[PDB]
Amino acid sequence: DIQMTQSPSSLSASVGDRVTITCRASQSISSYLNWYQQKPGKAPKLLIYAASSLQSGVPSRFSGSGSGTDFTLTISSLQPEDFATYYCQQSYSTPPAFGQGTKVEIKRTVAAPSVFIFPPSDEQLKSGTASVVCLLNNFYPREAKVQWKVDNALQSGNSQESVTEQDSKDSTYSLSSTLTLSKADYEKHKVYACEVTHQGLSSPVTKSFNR
Amino acid sequence: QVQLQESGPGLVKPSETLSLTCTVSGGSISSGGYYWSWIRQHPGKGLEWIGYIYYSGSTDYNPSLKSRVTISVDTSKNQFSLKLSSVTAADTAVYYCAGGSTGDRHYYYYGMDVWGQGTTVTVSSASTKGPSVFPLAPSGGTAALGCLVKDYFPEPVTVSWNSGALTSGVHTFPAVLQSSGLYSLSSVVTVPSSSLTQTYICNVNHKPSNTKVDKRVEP
Amino acid sequence: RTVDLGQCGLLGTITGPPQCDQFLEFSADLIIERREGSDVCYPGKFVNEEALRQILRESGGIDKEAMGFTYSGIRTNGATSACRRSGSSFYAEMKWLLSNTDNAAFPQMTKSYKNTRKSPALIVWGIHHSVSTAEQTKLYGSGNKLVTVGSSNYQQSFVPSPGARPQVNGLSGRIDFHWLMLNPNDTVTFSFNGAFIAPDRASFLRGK
Ligand SMILES: *[C@@H]1O[C@H](CO)[C@@H](O)[C@H](O)[C@H]1NC(C)=O
């Protein structure tokens with residue numbers, strides 16, 4: 001069977017940059033090489049078939065080239081909405097084969113997060129647990145440190161965080177950090193605070209509430 | 001104008017058999033204008049081809065799965081289906097149905113030009129559990145609101161805000177498996193703080209548990 | 001594409017000492033900083049300088065936008081022989097606000113700027129630590145000085161600390177600079193009664 005070797009696994013590029021993604025087949029596939037775009041959570045979308053024919057509606061900044069073994073997908077002027085994982089697929093022979101995929105990230109300038117904090121709901125307390133949620137909204141780059149403080153006691157281990165995929169319009173990230181306590185520990189204390197470190201912040205930012 | 005839609009359970013016990021169906025609309029399934037396909041995607045992995053089925057009912061399978069895969073077509077229902085036996089947690093994946101226009105320059109000339117939405121299948125012995133939804137409510141010009149969607153199984157849930165009216169500035173976070181075996185996630189939206197007089201409703205849906213809940217938010 | 005900053009220190013492109021006049025809105029992918037570069041004219045520094053330099057290195061330069069501050073009851077044209085433009089001058093992107101006449105009362109004031117662009121605004125301001133209590137009174141009137149700076153992210157206070165430092169560029173006080181990244185549609189608010197070096201223009205980072 002015919003294997004596809006796709007490269008690179010990941011790339012970041014600025015809006016307007018030219019991006020090239022390559023695939024190599026283990027033997028000639030003539031021109032039967034297809035490119036797909038998969039935005040996170042969504043089904044793949046066919047961009048190019050037969051190495052170089054654009055699907056109807058696909059913007060002309062996408063182009064494909066190659067024949068035989070070596071093929072290339074070019075994005076001539078990378079746009080924020082082009083964040084995605086891109087796949088090649090040979091359809092010369094059965095079984096078909098997909099490349100391993102290339103994740104394309106957008107490079108952009110620094111943006112500090114806007115920070116918000118949310119107390120547990122009265123309904124969740126009735127049930128017997130408490131979730132405190134710290135939100136970091138629309139920042140870049142992705143790296144960030146979030147720490148909890150309750151009565152100025154530093155917490156650890158009782159919290160987990162989740163990060164969105166890069167936004168399709170401004171290329172920022174958003175992050176949630178959730179601190180979980182039993183109804184017991186939560187009532188024990190008054191002041192709940194979230195402290196955020198990030199490259200866009202000269203010094204850390206703290207949000208808090210009184211229970 | 002061919003369109004595809006997966007259906008089937010999102011939960012399958014280990015050693016049991018996974019069954020999914022793809023309903024084709026906008027065209028006949030055995031016309032010979034398309035070949036049909038199942039493809040899956042493991043969390044954080046690439047696309048893996050499961051097999052083809054052709055307008056004649058003949059099939060081609062991925063040789064690594066051929067022992068336990070069956071693809072079939074029901075022309076009366078305009079559907080094609082997948083059956084995968086003896087599943088393990090390795091078979092947890094998003095499952096896609098797709099089709100490819102048949103060509104005369106080459107039978108597979110056009111790639112897979114039509115795709116289903118994908119449906120998530122978790123292989124687990126744990127039971128289905130519906131979520132609990134709690135509000136997230138409270139700094140100058142803009143405010144943040146949300147819903148906490150806690151303790152559900154399996155994936156996925158979906159969240160819209162005001163039935164899909166409000167769309168910009170909404171972030172629904174990737175679910176996180178907690179140290180209890182249940183998932184949890186928040187969905188948040190940022191809105192002008194002068195509107196706190198306007199109504200914000202998260203619409204939470206958990207299809208494997210037949211659960212739908214709406215919820216309002218205010219401090 | 002490159003820019004050779006020469007005498008201009010990278011952070012000086014934000015504040016604008018005379019050696020940076022030609023780089024106030026520079027645009028370049030590679031930034032050549034020279035050992036002879038200086039950020040300042042009146043002596044002082046950014047208090048968190050390397051972090052901001054790293055930010056600007058990953059930019060494609062800066063674009064400048066007026067912040068629209070106007071003032072009444074004070075002077076906005078404070079000038080120093082340390083910032084020479086064929087005569088005494090000041091940082092191009094800043095205003096040295098002074099009492100209307102020497103020793104006069106400097107009234108309590110608030111200024112606010114909302115970022116109406118789609119990108120974050122780099123906001124810089126300075127605190128002036130005068131060479132002496134006597135000098136602080138001549139420039140800003142007698143009494144304690146207080147500068148507060150607020151946004152949706154921050155709330156900090158600055159109190160000057162007058163006293164004689166070693167003469168640098170001919171002067172014994174210090175003007176130190178502070179920075180924040182103001183998010184789209186957020187508003188930064190300054191409140192002050194003297195010893196405040198106010199921004200005239202904000203900076204917006206160019207894509208690299
Ligand atoms: C900021 O506010 C203006 C004025 O209401 C609006 O047009 C713009 O879309 C807003 N931008 C963001 C990022 O909220």
# chains A, B, ... in the order shown; residues from 1 in each chain; ligands from 1

$ closest_atom_pairs --of "chain A" --to "ligand 1" --cutoff "12 Å" --atoms "only C-alpha atoms and all ligand atoms" --output "tab-separated table"
residue	atom	partner	partner_atom_place_in_ligand_line	distance
A:114	CA	ligand 1	13 (C)	11.7
A:137	CA	ligand 1	13 (C)	11.2
A:138	CA	ligand 1	13 (C)	9.6
A:169	CA	ligand 1	13 (C)	10.5
A:170	CA	ligand 1	13 (C)	9.2
A:172	CA	ligand 1	13 (C)	11.6

$ interface_residues --of "chain A" --to "chain C" --cutoff "9 Å" --atoms "only C-alpha atoms" --output "ChimeraX atom specification"
/A:14-15,107-115,170,199-207

$ interface_residues --of "chain B" --to "chain A" --cutoff "7 Å" --atoms "only C-alpha atoms" --output "compact mmCIF listing (two decimals) with N, CA, C and O atoms, in the first residue's frame"
# COMPACT_ATOMS: atom_id res chain seq x y z
N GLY B 46 -4.77 11.88 13.76
CA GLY B 46 -5.16 12.18 12.40
C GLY B 46 -6.40 11.42 11.97
O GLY B 46 -7.13 10.84 12.78
N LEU B 47 -6.64 11.45 10.67
CA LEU B 47 -7.77 10.75 10.05
C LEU B 47 -7.38 9.33 9.69
O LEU B 47 -6.35 9.11 9.03
N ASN B 62 -9.96 -1.23 5.66
CA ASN B 62 -8.64 -1.07 6.24
C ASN B 62 -8.14 -2.41 6.75
O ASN B 62 -8.77 -3.00 7.63
N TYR B 108 -11.70 7.66 -8.23
CA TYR B 108 -11.58 8.47 -7.02
C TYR B 108 -11.00 9.86 -7.28
O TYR B 108 -10.33 10.43 -6.41
N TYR B 109 -11.30 10.45 -8.45
CA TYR B 109 -10.65 11.68 -8.92
C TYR B 109 -10.88 12.87 -8.00
O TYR B 109 -10.03 13.77 -7.93
N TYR B 110 -12.06 12.98 -7.41
CA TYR B 110 -12.47 14.20 -6.76
C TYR B 110 -12.23 14.20 -5.26
O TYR B 110 -12.66 15.13 -4.57
N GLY B 111 -11.57 13.17 -4.74
CA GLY B 111 -11.43 13.04 -3.28
C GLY B 111 -12.78 12.82 -2.62
O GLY B 111 -13.76 12.41 -3.25
N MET B 112 -12.82 13.08 -1.30
CA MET B 112 -14.06 13.02 -0.53
C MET B 112 -14.65 14.41 -0.48
O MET B 112 -14.29 15.22 0.39
N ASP B 113 -15.56 14.71 -1.39
CA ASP B 113 -16.10 16.06 -1.44
C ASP B 113 -17.31 16.27 -0.54
O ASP B 113 -17.68 17.43 -0.31
N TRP B 115 -19.23 15.33 3.32
CA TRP B 115 -18.86 14.86 4.65
C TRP B 115 -20.06 14.98 5.58
O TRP B 115 -20.87 15.91 5.46
N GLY B 116 -20.16 14.04 6.51
CA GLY B 116 -21.09 14.18 7.62
C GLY B 116 -20.53 15.13 8.67
O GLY B 116 -19.46 15.69 8.54
N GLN B 117 -21.30 15.29 9.74
CA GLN B 117 -20.92 16.17 10.83
C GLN B 117 -19.92 15.54 11.78
O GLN B 117 -19.23 16.26 12.51
N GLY B 118 -19.84 14.21 11.80
CA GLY B 118 -19.07 13.50 12.79
C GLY B 118 -19.91 13.22 14.02
O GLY B 118 -20.72 14.06 14.42
N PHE B 134 -25.22 25.29 36.03
CA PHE B 134 -25.24 26.36 37.01
C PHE B 134 -24.81 27.68 36.37
O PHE B 134 -24.03 27.68 35.41
N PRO B 135 -25.28 28.81 36.89
CA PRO B 135 -24.93 30.10 36.29
C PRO B 135 -23.55 30.58 36.71
O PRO B 135 -23.03 30.22 37.76
N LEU B 136 -22.97 31.41 35.84
CA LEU B 136 -21.71 32.11 36.12
C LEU B 136 -21.94 33.60 35.93
O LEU B 136 -22.14 34.06 34.80
N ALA B 137 -21.91 34.36 37.02
CA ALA B 137 -22.21 35.79 37.00
C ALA B 137 -21.36 36.50 38.05
O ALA B 137 -21.03 35.90 39.08
N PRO B 138 -21.01 37.78 37.82
CA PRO B 138 -20.25 38.62 38.76
C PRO B 138 -20.98 38.89 40.09
O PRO B 138 -20.47 39.63 40.94
N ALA B 144 -18.65 39.64 31.98
CA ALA B 144 -18.62 38.25 31.55
C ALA B 144 -19.72 37.47 32.24
O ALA B 144 -20.00 37.69 33.42
N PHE B 173 -15.64 26.11 26.52
CA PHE B 173 -14.34 25.52 26.72
C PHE B 173 -14.37 24.02 26.47
O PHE B 173 -15.43 23.39 26.57
N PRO B 174 -13.24 23.44 26.07
CA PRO B 174 -13.15 21.98 25.97
C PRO B 174 -13.48 21.33 27.30
O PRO B 174 -12.98 21.75 28.35

$ interface_residues --of "chain B" --to "chain C" --cutoff "9 Å" --atoms "only C-alpha atoms" --output "list in words"
residues 139, 140, 141 and 142 of chain B

$ atom_distance --atom1 "atom CA of residue 169 of chain C" --atom2 "atom CA of residue 104 of chain C"
27.5 Å

$ residues_around --residues "segment 156-163 of chain B" --least-positions-apart "2" --cutoff "6 Å" --atoms "only C-alpha atoms" --output "list in words"
residues 165, 166, 201, 202, 203, 204, 205 and 206 of chain B

$ write_last_selection --atoms "N, CA, C and O atoms" --output "PDB file, in the first residue's frame"
ATOM      1  N   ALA B 165     -28.905  32.987  18.793  1.00  0.00           N
ATOM      2  CA  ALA B 165     -28.931  34.392  18.406  1.00  0.00           C
ATOM      3  C   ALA B 165     -27.602  35.069  18.725  1.00  0.00           C
ATOM      4  O   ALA B 165     -26.961  35.659  17.846  1.00  0.00           O
ATOM      5  N   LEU B 166     -27.173  34.988  19.986  1.00  0.00           N
ATOM      6  CA  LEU B 166     -25.916  35.586  20.422  1.00  0.00           C
ATOM      7  C   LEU B 166     -24.755  34.660  20.064  1.00  0.00           C
ATOM      8  O   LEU B 166     -24.730  33.495  20.478  1.00  0.00           O
ATOM      9  N   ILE B 201     -29.320  33.418  27.956  1.00  0.00           N
ATOM     10  CA  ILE B 201     -29.737  32.050  28.224  1.00  0.00           C
ATOM     11  C   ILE B 201     -28.755  31.126  27.528  1.00  0.00           C
ATOM     12  O   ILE B 201     -28.581  31.212  26.308  1.00  0.00           O
ATOM     13  N   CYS B 202     -28.126  30.238  28.290  1.00  0.00           N
ATOM     14  CA  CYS B 202     -27.356  29.167  27.684  1.00  0.00           C
ATOM     15  C   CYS B 202     -28.280  27.989  27.415  1.00  0.00           C
ATOM     16  O   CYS B 202     -29.166  27.680  28.217  1.00  0.00           O
ATOM     17  N   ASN B 203     -28.089  27.355  26.265  1.00  0.00           N
ATOM     18  CA  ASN B 203     -28.907  26.227  25.834  1.00  0.00           C
ATOM     19  C   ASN B 203     -27.996  25.013  25.829  1.00  0.00           C
ATOM     20  O   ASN B 203     -27.150  24.859  24.944  1.00  0.00           O
ATOM     21  N   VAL B 204     -28.167  24.159  26.828  1.00  0.00           N
ATOM     22  CA  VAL B 204     -27.310  23.003  27.035  1.00  0.00           C
ATOM     23  C   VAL B 204     -28.051  21.768  26.547  1.00  0.00           C
ATOM     24  O   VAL B 204     -29.229  21.573  26.869  1.00  0.00           O
ATOM     25  N   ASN B 205     -27.366  20.938  25.766  1.00  0.00           N
ATOM     26  CA  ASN B 205     -27.960  19.717  25.245  1.00  0.00           C
ATOM     27  C   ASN B 205     -26.981  18.570  25.431  1.00  0.00           C
ATOM     28  O   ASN B 205     -25.806  18.691  25.077  1.00  0.00           O
ATOM     29  N   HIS B 206     -27.466  17.465  25.991  1.00  0.00           N
ATOM     30  CA  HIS B 206     -26.693  16.232  26.117  1.00  0.00           C
ATOM     31  C   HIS B 206     -27.497  15.127  25.439  1.00  0.00           C
ATOM     32  O   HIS B 206     -28.454  14.599  26.016  1.00  0.00           O
TER      33      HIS B 206
END

$ closest_residue --among "A:13, A:56, A:88, A:147" --to "residue 196 of chain A" --atoms "only C-alpha atoms"
A:147
